[PDB]
Amino acid sequence: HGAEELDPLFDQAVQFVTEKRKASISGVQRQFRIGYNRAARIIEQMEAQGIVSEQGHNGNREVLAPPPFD
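Method of determination for the deposited model, per the PDB record: solution NMR.

The protein is annotated in the PDB entry as DNA TRANSLOCASE FTSK of Escherichia coli. Within the Protein Data Bank, this record goes by the title "E. coli FtsK gamma domain".

The following block contains the structure:
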């Protein structure tokens, strides 16, 4: 499956967090122009896929998945 469960911007968000080596709900909000809930959703799924780690700071998610190209 894919979009069925993942967010329409998930793929872009993964590349965004991977390319930036950083996953943030606020970052994706402004970069993807999506409501906070959506950002946290995409990042949430990222945690489900293994792209992001457990949150430690304030809204800061760790990116464990590398970029699509490099």
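A.B. asks: Just to check I follow, could you spell out the environment of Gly-59 for this structure?
C.D. replies: On the secondary structure map, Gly-59 appears in the loop between α3 (36-49) and β2 (60-62). The class of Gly-59 is partly exposed, set by a relative accessible area of 25%. Apart from residues no more than four positions distant in its own chain, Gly-59 is found in contact with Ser-24 and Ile-25.

A.B. asks: Please explain helix α2 (residues 25-32) as it appears in this structure.
C.D. replies: Since there are 3.6 residues in each turn of an α-helix, residues three or four apart along the chain are aligned in direction. Of all the positions in α2, only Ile-25, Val-28 and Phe-32 are classed as buried. Along α2, the residues classed as buried sweep out an arc of 65 degrees about the axis, all on the same side. Across from the buried face of α2, at angles greater than 90 degrees, the exposed residues are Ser-26 and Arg-30. Its buried side turned inward, α2 meets α1 (10-19), β1 (22-24) and α3.

A.B. asks: What am I meant to see in the nonpolar core here?
C.D. replies: One recurring pattern in soluble globular proteins is that nonpolar side chains are buried together. Of all hydrophobic cores here, the largest spans 21 residues; its most connected members are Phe-10, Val-28, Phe-32, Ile-34, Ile-42, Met-46 and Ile-51. Excluding anything up to four places from it in sequence, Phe-10 contacts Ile-42, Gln-45, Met-46, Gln-49 and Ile-51.

A.B. asks: Can you walk me through α1 in this structure?
C.D. replies: All of the buried residues along α1 are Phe-10, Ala-13, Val-14, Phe-16, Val-17 and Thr-18. Those residues of α1 that are buried lie in contact with β1, α2 and α3. Phi for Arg-21, located one or two positions after α1, is positive at around 60 degrees.

A.B. asks: I tried to follow the packing of α2 against α3 on my own but got confused; where do I start?
C.D. replies: For any two helices packed against each other, the geometry is given by the interaxial angle and the distance between the axes. Running from N to C, α2 and α3 cross one another at 115 degrees; their axes reach a closest spacing of 8 Å. When you trace α2 past α3, the crossing you get is right-handed. Residues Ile-25, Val-28 and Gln-29 of α2 pack against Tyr-36, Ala-39, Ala-40, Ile-42 and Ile-43 of α3. Residue composition of the contact of α2 with α3, grouped by class: seven nonpolar, one polar and no charged.

What counts and what doesn't
Each residue takes a number counted from 1 along its chain in the order the sequence is written, a numbering that need not match the entry; residues with no coordinates do not appear. The basis for the side-chain values is all heavy atoms of the structure; hydrogens and waters are excluded. Only DSSP runs of H or I covering at least 4 residues are called helices, and only runs of E covering at least 2 are called strands; the numbering of each starts at the N terminus. Categorising residues by exposure relies on relative accessible area from a 1.4 Å probe, with only protein chains included: less than 20% of the type maximum marks a residue as buried, more than 50% marks it as exposed, and the intermediate range marks it as partly exposed. Any two residues whose heavy atoms approach within 4.5 Å are treated as being in contact. By construction, the arc corresponds to the directions joining the helix axis to the C-beta atoms. The criterion is simple. A nonpolar core is a set of buried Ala, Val, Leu, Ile, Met, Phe, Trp, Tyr and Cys residues joined through side-chain atoms within 4.5 Å. Comment: axis = line fitted to C-alpha atoms, over the contacting stretch for helices; angle = value between 0 and 180 degrees taken between N-to-C directions. For a crossing to be left-handed, the near helix must be turned anticlockwise from the far one by less than a right angle; the clockwise case is right-handed. In this count, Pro and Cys sit with the nonpolar residues alongside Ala, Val, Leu, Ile, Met, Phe, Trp and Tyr, while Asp, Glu, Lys and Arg are called charged and the others, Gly among them, polar.

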